[PDB]
Amino acid sequence: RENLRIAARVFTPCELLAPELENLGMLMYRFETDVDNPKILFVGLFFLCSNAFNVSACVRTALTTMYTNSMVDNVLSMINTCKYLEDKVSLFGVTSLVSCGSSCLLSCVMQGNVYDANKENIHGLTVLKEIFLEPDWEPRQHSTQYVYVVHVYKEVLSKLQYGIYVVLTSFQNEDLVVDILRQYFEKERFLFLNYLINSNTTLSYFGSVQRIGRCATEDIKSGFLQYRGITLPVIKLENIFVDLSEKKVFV
Amino acid sequence: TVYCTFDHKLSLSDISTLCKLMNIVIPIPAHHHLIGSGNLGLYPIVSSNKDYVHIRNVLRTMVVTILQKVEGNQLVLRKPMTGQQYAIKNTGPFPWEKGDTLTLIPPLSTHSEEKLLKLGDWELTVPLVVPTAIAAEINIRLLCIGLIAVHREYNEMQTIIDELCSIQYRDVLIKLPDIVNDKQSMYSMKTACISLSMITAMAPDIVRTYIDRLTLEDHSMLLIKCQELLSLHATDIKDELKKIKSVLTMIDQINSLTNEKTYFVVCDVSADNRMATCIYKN
Amino acid sequence: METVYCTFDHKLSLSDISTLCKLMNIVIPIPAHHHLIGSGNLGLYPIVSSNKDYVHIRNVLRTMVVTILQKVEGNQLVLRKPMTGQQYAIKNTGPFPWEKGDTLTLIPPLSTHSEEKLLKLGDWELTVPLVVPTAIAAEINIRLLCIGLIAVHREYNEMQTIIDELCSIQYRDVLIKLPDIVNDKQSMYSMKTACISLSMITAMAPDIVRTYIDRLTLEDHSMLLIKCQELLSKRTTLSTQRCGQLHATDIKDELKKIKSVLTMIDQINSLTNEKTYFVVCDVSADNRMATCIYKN
Amino acid sequence: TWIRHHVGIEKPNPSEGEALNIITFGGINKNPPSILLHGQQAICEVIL
Amino acid sequence: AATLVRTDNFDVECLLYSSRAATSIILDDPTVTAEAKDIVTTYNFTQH
Amino acid sequence: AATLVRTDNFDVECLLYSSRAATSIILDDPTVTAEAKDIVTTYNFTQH
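Sequence lines, in order, name chains A, B, C, D, E and F. Heads up: the first sequence begins at 49 in the UniProt record's numbering, then just goes up one per residue. Quick note on numbering: the second sequence equals residues 3 to 233, 246 to 296 in the UniProt record's numbering. Heads up: the third sequence begins at 1 in the UniProt record's numbering, then just goes up one per residue. Heads up: the fourth sequence begins at 1106 in the UniProt record's numbering, then just goes up one per residue. Heads up: the fifth sequence begins at 1010 in the UniProt record's numbering, then just goes up one per residue. Heads up: the sixth sequence begins at 1010 in the UniProt record's numbering, then just goes up one per residue.
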């Protein structure tokens, strides 16, 4: 037969993937570690949207109660003790085939549409409803939109707080997208023009945008996830041709 | 595949001109399987203020296609896929050395009128294809015209523009007349101004010393020209790495200003250099 | 068409065929002009050590066509060029280990003249760009720039140990020593255009931004004006003492300053970015080859 | 400022030359009026 | 003084008469084409 | 005194000779590869 989708088999300890072992289609992050036995360690999108600053306190504590164990506490401490975020953790792809063994096996899609095998029930990317926004001239302009993930930092007088945005746009051109994003993000940008001089932590930018891939306009549908009864509003993209590109930073 | 239909019968001179014009990128905004006379080309925007940077921004927004197989009034436009090989006929007055990256630029208005199409208050405005080097050169000139025209003098705006505007790249003289001086250069200079302030505040101690140390050791004549423009270090090395990384990122930002997205990558060029093959789409 | 056949000038020794069979998957940059000889315009031998600038090296390595070895015939090299978005296989050349999901890129080889020089067929040799992860590419770029800046510098009694601390890097328990030592200039790469251009940018920035910010703030900008006052006043707290010319500048002077400072950035366009030539999906056993996908 | 205050316009109408000239390209950033009863209206003006 | 002008749009149902055989219609056999993406195949019928 | 050097470009035709059967060539049977697309089905083929 025929497939044409690019996957990767994945081993990750089962503590970190608490609702993401149940709802197929999630962003996954690579977190390299100075500990040599788990050199790479894989991170849920919602697991890092915990300490994202965009998320309100109700949603944050709700998914923290979805995300409370010792291993996750140590990993969040490691993530916070990392200086910046975006090149100690990294974008990796989209979840499919949770196995849930002892050390659980995950397939993950690099390119193409999200399906395990036999092409029944082609899954979709699941984005938290708080963490996305579409800054554009006309929303849902004519047809299919490119989905990007933006990491944006913030500095509340002690430390750095990262923030996870997802933009949906008709614009393919990265220059046009960073030009509309500076118009969206100018305020905290000037706050970082104050901060990055006095800072000694090795970072050089305000945020960075990276393409996930294509979506379809009529395939955006609302909903919620629930794990242990915690209703959590999400916006489910349905069919996604995953097309990763390079990180493009902006100051 | 996007089929174009003009709803108006064309003559044998028109079909001869389109046979001459076969295999050329035309941008469309529509993204349908059908387009007509109204959305084809760049004429449905070049009546609104004729601003070069405005055409450049919406031309960044456009969706590009390739002309193919004109059967009379019907006109095939292939939507060319990512990284595949395609044949392009050129329109920019250039010699087109192979292997360079190509961008897509608004049409620089030559003094001679176009012979492409003019039919019923509708022309076929085709944007040009240029190398990325001269594209970035034009974008430098745009930003520079705004930097000068924010400053105000009398009978000096013309003195800057007539010297600056006529440029030469590969034995070709082009020029860009009637700049409206919109604030487009002011924003796209404003982030440059921000980034140059950051280069000032974040530039290390090694580097502006490195001029004076290099000059006081040795000399070269281009270094003397750079001197004309111009006129303890006890283990802080991780701070030096961070400061040089920040300065490099600011230079990446100001480069991303003047940069234009490369739309084609050339492999094979005909001897006439009217058609060339590419393997790229963004 | 899809592939490319290169023909060597001379016959191949038994050890040379054994070397090609050891190297049966590798990236090879080829220029756009299709030279059918297997000794000219392949492996970038004709570009380094004949026309050396390290901005020219980075520029040409960005612009060359990457093409991977597939099979070695009795006389010819079969070289398949990658299609974007498809899978290929790369045998591992760089010293630094590959892990899954890593973005790969091509840096110029740290060309110490103690290497084994994989082929050496009558004054012609083969040097490949190093396939390396992207954070490493940024780090090696910054370390080489630091060495090229402080190498010209005089009368530091700590110069040998600070060049040692620059040349020592470590990433996932694999150390390498940077060959930019005390300027033997074996291949120092000399980076002179790069360092002069960086110092022209860090040189021309404050007075051009001063000539702009001294103009047109009768409206409330209040987002750039006072911000740039703070930005200029941190680094240069004592601003414009002797004044040099005592503020008699030309419109054409500011024109030339702006044009030069914007030209030098597009000159250092090569050290601006690094592109992800490969995104490795999985890594094979023992870290000797890896199946990846091709991008850019 | 006094003319705008008497004719009832928001005092920050400029935004970096009309949102970097996309309000030169023209469009809607405002919420359209929250209550509506009869649809569309637009009344032009000639002085006499 | 002032001549304020205004336009108003109306919902109008509006009938048509035509004499018989007023215009002729020529039509091809409809053409079938297919585009095989990785998860769907889009079939397209065009008719001139 | 002064000696002045000059490059001059020339287009030269070259006569060519070969023996009775100088090389022997080996020709593949050509293999018609039928590429299918939406409109044009380009049937590219090669000879080795």
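The beta-carbon is built from N, C-alpha and C at its ideal position, and this holds for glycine as well.
Contact list for the segment 36-54 of chain B against chain D, Cβ threshold 9 Å: Residues of the segment 36-54 of chain B whose Cβ lies closer than 9 Å to any Cβ of chain D, in chain order: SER50, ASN51 and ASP53.
Classification of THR193/B by the beta-carbon crowding that lies within 10 angstroms, buried from 16 upward: buried
Residues bridged to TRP98/C (per DSSP): According to DSSP, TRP98/C bridges with nothing at all.
Per-residue DSSP class, three states only, for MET83/B: Three-state result, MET83/B: coil.
Exposure label - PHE1054/F; buried when at least 16 CB within 10 Å: exposed
Contacts of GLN159/A in chain D (Cβ-Cβ under 8 Å): Residues of chain D passing the Cβ test: none, with the nearest at roughly 34 Å.
Meets three-Cβ-pair contact criterion under 8 Å: the segment 89-103 of chain C and the segment 111-125 of chain C: no
Residue(s) in a DSSP beta bridge with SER256/A: According to DSSP, which records beta bridges pairwise, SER256/A is partnered with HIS199/A and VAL297/A.
Interfacial residues, the segment 1012-1027 of chain E to chain D, with Cβ spacing under 9 Å: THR1012, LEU1013, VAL1014, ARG1015, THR1016, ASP1017 and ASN1018
Proximal residues, the segment 89-114 of chain C versus chain A, C-beta separation under 7 Å: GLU99, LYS100 and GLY101
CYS292/B vs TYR88/B beta-carbon contact at 8 Å: yes
Segments assigned alpha helix (DSSP H), at least 4 residues, entirely inside the segment 143-205 of chain C: 159-167
Any C-beta of chain A under 8 Å from that of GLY1132/D: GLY1132/D counts as touching chain A.
Spatial neighbours of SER39/C in its chain, beta-carbon cut-off 7 Å, leaving aside the 5 residues before and after: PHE8, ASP9, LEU121 and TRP124
Same chain only: Cβ atoms within 7 Å of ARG172/B, ignoring 5 sequence neighbours per side: Excluding residues within five positions, the ones whose Cβ falls inside 7 Å are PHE96 and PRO97.
Alpha-carbon spacing of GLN70/C relative to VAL175/A, whole angstroms: Looking at the backbone, the Cα of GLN70/C and that of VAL175/A are separated by about 42 Å.
Interface residues of the segment 243-272 of chain A facing chain C [CB-CB below 7 Å]: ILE245
Among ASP227/A, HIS171/A, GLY149/A and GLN209/A, nearest to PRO183/A - alpha-carbon criterion: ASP227/A
Distance CB(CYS152/A)-CB(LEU69/A) smaller than 8 Å: yes
Range of the contiguous beta strand (DSSP E) that encloses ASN269/B: Careful: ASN269/B lies outside any beta strand (DSSP E), inside the alpha helix (DSSP H) at 251-272.
DSSP bridge partner residues for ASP282/C (one or two, in chain order): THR291/C
Endpoints, the alpha helix (DSSP H) within which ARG53/A is located: Counting along the chain, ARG53/A falls outside any alpha helix (DSSP H), and DSSP gives it neither H nor E.
is_contact[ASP1047/F, chain B] using C-beta, thresh 8 Å: Residue contact with chain B for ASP1047/F: present (Cβ-Cβ distance below 8 Å to some residue of chain B).
Chain E within 8 Å of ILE170/A, Cβ atoms only: yes
For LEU166/B and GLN160/B, the rounded distance between their alpha carbons: Taking C-alpha positions only, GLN160/B is separated from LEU166/B by approximately 10 Å.
Assigned secondary structure, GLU230/C (DSSP; H/G/I helix, E/B strand, else coil): helix
Where the segment 148-179 of chain B meets chain D: residues whose CB sits under 7 Å from a CB there: Those would be none; no residue qualifies.
For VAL48/B, three-class secondary structure by DSSP: coil
Interface residues of chain A facing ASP253/B [CB-CB closer than 8 Å]: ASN248
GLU1044/E in three-state terms, based on DSSP: Strand, per DSSP.
Residues, ordered as in the chain, of the segment 193-205 of chain C that lie near chain A by beta-carbon distance below 8 Å: none
Inter-residue Cα distance where the pair is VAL55/B and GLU222/A: 17 Å
C-alpha gap between residue 6/A and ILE268/A, whole angstroms: With chain A running from 49 to 299 in the structure shown, residue 6/A is simply not present.
Short CB-CB distance (under 8 Å) between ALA1010/E and chain D: yes
For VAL290/A, the first and last residue of its enclosing beta strand (DSSP E): 289-291
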